[PDB]
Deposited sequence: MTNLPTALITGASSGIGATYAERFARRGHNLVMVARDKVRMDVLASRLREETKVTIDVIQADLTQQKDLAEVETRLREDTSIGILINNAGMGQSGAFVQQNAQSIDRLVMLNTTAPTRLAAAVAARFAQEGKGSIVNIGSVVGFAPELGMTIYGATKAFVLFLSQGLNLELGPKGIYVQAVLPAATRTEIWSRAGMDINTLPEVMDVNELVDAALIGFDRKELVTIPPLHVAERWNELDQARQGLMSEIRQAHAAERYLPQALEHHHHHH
């Protein structure tokens, strides 16, 4: 019974909190990372009592260089960590013209820079060990510029490409890289939205099946294949020596 320890960012609520509970019941030791230390301690204390696994709590604001460097160091040196859940992330509030220099910095930093750096911290050790799993939490919005969340969607397009690139680089080294792409998730005079428990349960079914790109709210799985095929179809017609004749006078 040698289950690897799982480090999970954004563990204080929502998708991260559900991942923590899931892996703890499966028998995995945990390292919980979030900005809200109080909700983490409450959740971690309950999971210790129920599942009897060991859980380390790391308070970290991954928009800060000190906090991000501390989590990187934990990922590099803790040889027991064999699973990274790149879950920490934030949304965009308002239109593009309502955004701030501070808001743009934080949104890219948390959704793009931090998960890339955490993946880099583990990839060197994972490759030497010949095993390891990296789960990046993307978003369906990464496919939908029409939704008006331009910067958030752009960071999620980054996350999907990162996952695809890491699989091709690290897959042959024995490393499993999964992209989980939720839609609207629950993390009144209105009914809608998917329960976070259903989302993580679907994501873990793909995880156990070693699925590379997992989109639970996608009804027709073939649509993803056709998108990837269309992507490669475009690349197959790239001729780099000269511009196409439609750009010639």
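- Residues 1, 189 to 198, 261 to 270 of the deposited sequence, counted from 1, carry no C-alpha coordinates in the model.
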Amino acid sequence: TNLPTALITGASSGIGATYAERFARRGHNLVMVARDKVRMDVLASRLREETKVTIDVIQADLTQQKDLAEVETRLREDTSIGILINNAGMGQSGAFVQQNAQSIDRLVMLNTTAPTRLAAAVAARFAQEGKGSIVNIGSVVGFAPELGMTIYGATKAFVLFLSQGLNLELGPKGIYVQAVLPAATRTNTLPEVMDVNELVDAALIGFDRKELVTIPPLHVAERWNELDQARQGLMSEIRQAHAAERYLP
From here on, numbers count along this sequence of modelled residues.
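- Annotation for 39 to 47 versus 207 to 215: the higher mean temperature factor (C-alpha) is found in 39 to 47.
- On average the C-alpha atoms of 67 to 75 have higher B-factors than those of the other stretch, with 106 to 114 and 67 to 75 being the two compared.
- Of the candidates 132, 89, 145, 171, the one whose C-alpha carries the top B factor in the deposited record is 89.
- Within the selection 94, 138, 165, 153, the deposited Cα B-factor values reach their highest point at 94.
- Among the modelled residues of the chain, residue 100 sits in the highest third by CA temperature factor in this PDB entry.
- The deposited CA B-factor of residue 128 belongs to the highest third of values across its chain.
- Residue 7 sits in the lowest third of its chain by CA B factor, as recorded in the PDB entry.
- Per the deposited record, the Cα B-factor of residue 231 falls in the lowest third when ranked against the other modelled residues of its chain.
- Sort the modelled residues of the chain by CA B factor and residue 180 lands in the lowest third.
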